[PDB]
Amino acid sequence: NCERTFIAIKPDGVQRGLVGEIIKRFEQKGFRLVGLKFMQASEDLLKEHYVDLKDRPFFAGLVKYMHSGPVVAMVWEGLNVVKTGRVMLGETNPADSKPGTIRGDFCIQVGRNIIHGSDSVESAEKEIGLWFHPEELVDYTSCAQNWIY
């Protein structure tokens, strides 16, 4: 219920003008915006973030693509926000993503797939700690909370 997930709008997402469109979907869904910042990620940050993919054939090109422009880093709160957030994003490969999902509606190739979401609560807490100082995560009550829960 106070669960948190880390959502990152990739450089292609920013370049193609989907920041507002993506944020809008999390807002209208009911989730609470906890953190938000706009930054060019360093390669050391990206390598730690994508560490499970370290020895994959695409990993070099992934780190380059993600360093190439700025990203919108975000933190969203709510019941099953990690799982439901992943569903809203759609499948990691946009080829598999359904219409209605962010990737399904807005992108084509896996190498340029506009958005990242945390795969689990464990990954979420690691990625949140990695991308944000705790001082940057804002605590407040949504005025619509009693109508969402």
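Between two forms, the rigid core is the largest collection of C-alphas that superpose within 1.5 Å. From 1 onward, residues are counted along the sequence shown.
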item	value
Greater root mean square CA deviation, 117-125 compared with 50-58 in 4 other deposited structures of this protein, core aligned	50-58
Positional deviation of Cα atoms in 4 other deposited structures of this protein after core superposition, greater for 78-86 or 59-67	59-67
Mean Cα B-factor comparison, 53-61 or 100-108, giving the higher one as deposited	53-61
Between 3-11 and 139-147 (mean CA B-factor, as deposited), the higher	139-147
Highest-ranked of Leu36, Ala124, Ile114, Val87 once sorted by CA temperature factor in the record	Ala124
Third assignment of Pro134 from its chain's C-alpha B-factors	highest
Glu91 by Cα B-factor - lowest, middle or highest third of the modelled chain	middle
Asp44, C-alpha B-factor rank within chain (lowest, middle or highest third)	highest
